[PDB]
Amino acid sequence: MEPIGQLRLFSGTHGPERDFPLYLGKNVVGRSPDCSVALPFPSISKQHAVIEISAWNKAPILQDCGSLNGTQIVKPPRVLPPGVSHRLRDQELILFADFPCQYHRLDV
């Protein structure tokens, strides 16, 4: 399967940027090295959030999985309540705990 999106974890205290590919289906974000998008940092929940992608040409849906430190949309600033679906927009900035990320749609 070719990736259809990217999650960019920006550079920070943890070192240079890390880029994670996003595929059709369930892409789990969490600390567990099993996760599709493994962010191995103590403040990230073991199962933190899920990005669900139904097709290359459909917006991903992000949901927080009841994480301890939350998932936020950076701009406009919002807290995502557990279990509520949010459609991701290309270039949208997301916080998983204190880790800023950016979602990019790929082509095609």
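Start at 1 with the first residue shown and count on from there.
| message | Going by the mean C-alpha B-factor recorded in the entry, which is higher: 64-72 or 26-34? | response | For C-alpha atoms only, the mean B-factor is higher in 26-34.
| Segment of higher mean CA temperature factor, 7-15 or 93-101 | On average, C-alpha B-factors are higher across 7-15.
| Compared with the other modelled residues in the chain, in which third is the CA B-factor of residue 46? | For residue 46, whose C-alpha B-factor we compare with every modelled residue in the chain, the answer is the middle third.
| task | Sort the modelled residues of this chain by their C-alpha B factor and say whether residue 55 lands in the lowest, middle or highest third. | result | Highest third, going by the recorded CA B-factors of the chain.
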